[PDB]
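>>> Give me coordinates for this.
(chains A and B)
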Amino acid sequence: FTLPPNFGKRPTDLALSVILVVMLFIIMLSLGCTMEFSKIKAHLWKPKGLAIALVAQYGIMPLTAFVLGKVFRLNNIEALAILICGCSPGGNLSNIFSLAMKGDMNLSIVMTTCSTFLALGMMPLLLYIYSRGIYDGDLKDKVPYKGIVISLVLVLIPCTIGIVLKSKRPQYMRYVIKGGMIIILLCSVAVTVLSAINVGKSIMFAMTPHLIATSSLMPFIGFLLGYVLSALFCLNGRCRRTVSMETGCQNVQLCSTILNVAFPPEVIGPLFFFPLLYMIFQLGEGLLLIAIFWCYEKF
Amino acid sequence: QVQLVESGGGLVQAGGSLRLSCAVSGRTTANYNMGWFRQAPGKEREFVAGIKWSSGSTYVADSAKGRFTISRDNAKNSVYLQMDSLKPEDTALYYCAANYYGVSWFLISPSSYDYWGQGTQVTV
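Residues are numbered from 1 along each chain as shown, chains lettered A, B, ... in the order given. What follows is the structure:
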């Protein structure tokens, strides 16, 4: 064993890249499916409560990745990858969970959208500050600032598509829901099977128990910290729970796309497999916590 | 910000355990790999061997199994590639390179590495 991935084969890499970019397009269009400008004006009056959730999820996510990296003294590059993992919008799935259980979707979607179009703002600065903290900031000259911004703007293009679509005929979202479900299911299964077959040996390099423990705890920890903070600021139970679970689940697609495009494939290697395990684990744990809550309200 | 430098002058046919030593000067931090390379005329650089400076795990490319090695000199800030006596074939310019990247596997790709010494030219 202890062999480097049998790399050099481009067509599989390109298939990975193209499916990832198209899922980025479709998910950010699904963001554009939601109308918010009407709520933007109304919520500008008292956004302080909303802004608290925003700054909380912007702050906790990096520091959590930082502290879990430190506590497991994780090697530098995968700790950096985890840092990328913590910082991502992750709103569609959260919206789905909340709609499944309860809540006013109007808030969840607007926090998601503003998280997106402020991520390009705070993303680079948080990367810059917390890169220095790994040991001395060894990656300082490897962070692709402008390339990250390019990835971000390509992500943001479907946001522009959706927002201008609001100005035009909103009827198009009547068919939008179907297609969205089919494309998300197909892309999920496709990435699973392709990222499995394309590299087999390196998966064992990507399955270290430390990675499993982090990918499990840190989203759960995000849930807990959102819960406790929203309890601290006297917010209602429903808003507290919504913001908690919105924090708990991130954007695997954005992180994966940044990992593949911003850094060399051999640099990321099977560590690219981490966000998939992440995402499936938040799916499982979110369902479990939904069931646990429905048990709690009973008794 | 690490400066590299090499020392090798073995130009002989098979039967020479050629002393190769790559003195390293710089921030010898943790978790940085360091490797050795090739330049035969007209073909690009390609990986041969490497080792994490911190843990000490080494790897060997296919051509060098049983034929090369690498040794850490961490107290004196040196790396020690003793290539075993090799056929007249392997005549090539060799290099040194190291990345601060720390990972379980061995990074192999040409373009990844950053710090380059004045790699020695040796024939066999």
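
>>> a strand runs through residue B:79, doesn't it?
Yes: counting by DSSP: H, G, I helix; E, B strand; the rest coil, residue B:79 is located in a strand.

>>> what about the closest residue to it other than its chain neighbours, how many neighbours?
With C-beta to C-beta, 6 or more residues apart in numbering or on different chains as the criterion, residue B:79 has its nearest non-adjacent residue at 4.9 Å, and that residue is residue B:22. Bear in mind the C-beta positions are built from the backbone N, C-alpha and C, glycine included. Under the neighbour criterion other C-beta atoms under 10 Å in any protein chain shown, residue B:22 is assigned a count of 25.

>>> got a list of contacts for stretch A:133-149?
Residues outside stretch A:133-149 that contact it (C-beta atoms under 8 Å, 6 or more residues apart in numbering or on different chains): A:66, A:69, A:76-77, A:79-80, A:120, A:123-124, A:127-128, A:131-132, A:258, A:261-263, B:29-31, B:100.

>>> ranges for the helices of chain A?
Assigned by DSSP state H, chain A shows helices spanning A:10-32, A:37-43, A:48-71, A:76-86, A:92-101, A:105-131, A:145-167, A:173-198, A:201-206, A:209-232, A:237-248, A:252-262, A:265-268, A:274-298.

>>> most tightly surrounded among those?
Per residue and on average, the most neighbours among those fall to helix A:76-86, with a mean of 24 (mean count of other C-beta atoms under 10 Å in any protein chain shown).

>>> Who are the packing partners of that helix?
helix A:48-71, helix A:105-131, helix A:209-232, helix A:252-262, helix A:265-268, helix A:274-298 (3 or more C-beta pairs under 8 Å, 6 or more residues apart in numbering or on different chains; DSSP states H and E).

>>> thinking again about what came up before, quick check: phi and psi at the residue nearest to residue B:79.
phi -120, psi 90 (degrees, to the nearest 10).

>>> any idea how far it is from residue A:229?
Residue B:22 sits 52 Å away from residue A:229, going by C-beta to C-beta, to the nearest Å.

>>> Over to residue A:286?
19 Å.

>>> so residue B:98 is in which element?
strand B:96-99 (DSSP states H and E).

>>> Would you mind pulling up the elements that that strand packs against?
strand B:3-4, strand B:18-25, strand B:33-36, strand B:115-116.

>>> want to throw these into TSV with distance to residue A:91?
TSV is the format used below for those (distance: least, C-beta to C-beta, whole Å):
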stretch	distance to residue A:91
strand B:3-4	47
strand B:18-25	47
strand B:33-36	38
strand B:115-116	42
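
>>> Mind checking those for the one nearest to residue A:248?
Closest approach to residue A:248 among these (C-beta to C-beta): strand B:33-36, 35.7 Å.

>>> In space, what's closest to the residue in the stretch 151-299 of chain A positioned nearest to chain B - neighbours in sequence excluded?
Residue nearest to chain B within the stretch 151-299 of chain A: residue A:266 (4.2 Å; C-beta to the nearest C-beta). In this structure, residue A:266 finds its nearest non-sequential neighbour in residue B:109, 4.2 Å apart by C-beta to C-beta, 6+ apart.
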